[PDB]
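Position 1 is the first residue of the sequence; numbering continues from there. Remember, it's 1-based here, ligands and their atoms both numbered in the order they're listed. No hydrogens, no waters, no symmetry mates; every other heavy atom, side chains included, goes into these values.
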Amino acid sequence: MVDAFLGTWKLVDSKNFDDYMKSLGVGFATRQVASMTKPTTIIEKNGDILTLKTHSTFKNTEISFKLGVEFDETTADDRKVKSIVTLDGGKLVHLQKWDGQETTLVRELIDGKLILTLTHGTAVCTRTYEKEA
Ligand SMILES: CCCCCCCCCCCCCCCCCCCC(=O)O
């Protein structure tokens with residue numbers, strides 16, 4: 001099910017991440033650093049538990065979850081959200097809810113690259129990651 005997503009991924013392109021961050025209320029100085037950061041995302045499974053690590057020179061995060069089971073998450077920008085991750089159409093769909101707001105983080109594989117689409121409000125960001133050997 002999730003197996004083609006597993007591994008270590010490096011950011012190789014980013015479109016509209018500033019728009020997405022601004023929509024979430026991220027401050028200009030943080031957006032400024034984030035716009036020049038290239039994180040590494042590591043996705044691993046142990047049985048039904050997935051762990052997703054995002055590493056950078058600026059901020060690091062880690063979450064563990066079971067598909068289809070809600071979990072508490074504190075995001076990189078310090079939002080305390082209710083999260084759920086599912087597979088939908090072969091895409092890994094992560095929905096975050098807080099204060100009546102929502103954002104989606106949708107991952108899919110196209111030609112071997114991992115495409116992350118981030119939507120909040122009207123902002124739509126597309127980030128492309130390439131697999132590390
Ligand atoms: C956590 C590792 C850093 C990720 C690179 C961006 C650097 C920090 C930006 C922090 C403020 C904006 C955070 C809004 C959440 C987006 C999470 C997913 C982005 C991605 O994994 O590429």
Side-chain angles (χ1 to χ4, degrees), residues 2-133:
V2 70
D3 298 355
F5 292 97
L6 304 180
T8 298
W9 300 92
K10 323 298 249 155
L11 183 76
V12 299
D13 189 74
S14 185
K15 299 180 172 78
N16 296 347
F17 191 44
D18 184 73
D19 290 340
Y20 179 76
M21 292 187 286
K22 192 179 175 194
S23 186
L24 291 171
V26 179
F28 74 91
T30 296
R31 299 200 313 272
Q32 185 192 121
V33 177
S35 73
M36 291 298 283
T37 297
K38 299 181 186 183
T40 299
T41 303
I42 306 163
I43 312 179
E44 293 172 289
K45 74 187 189 176
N46 192 172
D48 66 348
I49 304 304
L50 289 160
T51 299
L52 193 155
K53 308 174 168 194
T54 312
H55 293 166
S56 79
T57 56
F58 180 35
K59 181 71 73 336
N60 297 305
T61 57
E62 179 174 317
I63 61 176
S64 293
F65 54 89
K66 185 170 169 42
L67 294 170
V69 179
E70 187 174 71
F71 60 105
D72 280 309
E73 175 182 9
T74 302
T75 66
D77 58 316
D78 303 303
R79 289 174 285 115
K80 292 184 183 357
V81 308
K82 300 285 169 184
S83 289
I84 193 166
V85 183
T86 63
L87 281 164
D88 182 347
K91 304 190 181 199
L92 190 68
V93 177
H94 180 178
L95 174 60
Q96 296 175 337
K97 298 168 188 172
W98 73 107
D99 293 335
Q101 298 192 234
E102 300 187 337
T103 185
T104 58
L105 308 86
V106 175
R107 292 178 173 91
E108 67 189 284
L109 297 162
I110 303 176
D111 210 5
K113 298 200 181 103
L114 187 156
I115 306 328
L116 170 62
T117 302
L118 303 173
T119 303
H120 176 254
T122 60
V124 183
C125 161
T126 310
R127 287 163 70 82
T128 304
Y129 279 85
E130 277 177 6
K131 193 103 88 78
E132 190 210 72

Trainee: Just need the protein heavy atom nearest to atom 8 (C) of ligand 1, so name the residue and atom and give the distance.
Mentor: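 Of every protein heavy atom, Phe58 CD2, 3.6 Å lies nearest to atom 8 (C) of ligand 1.
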
Trainee: Around atom NZ of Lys38, are there more than 12 heavy atoms from other residues, nucleotides or ligands closer than 6.0 Å?
Mentor: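 No, NZ of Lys38 has 12 or fewer neighbouring heavy atoms, counting only those of other groups under 6.0 Å.
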
Trainee: Give the residue and atom name of whichever protein heavy atom lies nearest to atom 9 (C) of ligand 1, and the separation in Å to one decimal.
Mentor: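 Nearest protein contact, heavy atoms only, for atom 9 (C) of ligand 1 is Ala34 CB, 3.6 Å.
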
Trainee: Does ligand 1 have any atom that is closer than 4.0 Å to a heavy atom of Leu11?
Mentor: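 The answer is no, since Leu11 has no heavy atom less than 4.0 Å from ligand 1.
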
Trainee: For atom 3 (C) of ligand 1, tell me which residue out of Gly27, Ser56, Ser23 has the closest non-hydrogen atom.
Mentor: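 Nearest option to atom 3 (C) of ligand 1, by heavy atoms: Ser56.
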
Trainee: Near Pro39, which atoms of ligand 1 are under 4.0 Å from a heavy atom of that residue?
Mentor: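 The list of qualifying atoms is 4 (C), 5 (C).
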
Trainee: N/O of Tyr129 under 3.5 Å from N/O of ligand 1, yes or no?
Mentor: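 Looking only at distances, the answer is yes, because the N/O contact criterion of under 3.5 Å is met.
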
Trainee: Checking contacts here: is it the side chain or the backbone of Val33 that comes within 4.0 Å of ligand 1, counting heavy atoms only? Could be both or neither.
Mentor: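 Neither part.
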
Trainee: In this structure, does ligand 1 have an atom that sits under 4.0 Å from one of the heavy atoms of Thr75?
Mentor: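 Not so, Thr75 does not reach ligand 1.
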
Trainee: Any side-chain donor-acceptor pair under 3.5 Å between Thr40 and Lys10?
Mentor: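 Yes, because at least one side-chain N or O of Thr40 sits under 3.5 Å from a partner of the opposite role on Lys10.
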
Trainee: Evaluating non-hydrogen atoms only, which member of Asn60, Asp77, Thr128 is closest to atom 14 (C) of ligand 1?
Mentor: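 That would be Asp77.
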
Trainee: For atom 2 (C) of ligand 1, what's the nearest protein heavy atom and its distance?
Mentor: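 I find the closest protein heavy atom is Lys59 O, 2.9 Å.
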
Trainee: For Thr61, counting its heavy atoms only, list the atoms of ligand 1 lying under 4.0 Å from any of them.
Mentor: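 Once the distances to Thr61 are compared, the set is 1 (C).
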
Trainee: Between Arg127 and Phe17, is NZ or CZ placed under 6.0 angstrom from the six-membered ring centre and within 45° of the ring axis?
Mentor: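 Yes.
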
Trainee: State whether the shortest distance between N or O atoms of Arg127 and N or O atoms of ligand 1 falls below 3.5 angstrom.
Mentor: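 So ligand 1 has an N or O lying under 3.5 Å from an N or O of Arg127.
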
Trainee: Can you tell me the protein heavy atom closest to atom 17 (C) of ligand 1 and the distance?
Mentor: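 For atom 17 (C) of ligand 1, the nearest protein heavy atom comes out as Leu105 CD2, 4.3 Å.
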
Trainee: Among all protein heavy atoms in this structure, tell me which lies nearest to atom 10 (C) of ligand 1, with the distance rounded to 0.1 Å.
Mentor: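 That would be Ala76 CB, 4.1 Å.
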
Trainee: Sequence neighbours left out, what pairs pass ring-ring contact (aromatic ring centres under 6.0 Å, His included) with at least one residue falling in residues 91-114?
Mentor: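 As it turns out, the ring-ring contact (aromatic ring centres under 6.0 Å, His included) pairs with a partner in residues 91-114, which skip direct neighbours, are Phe71-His94, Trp98-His120.
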
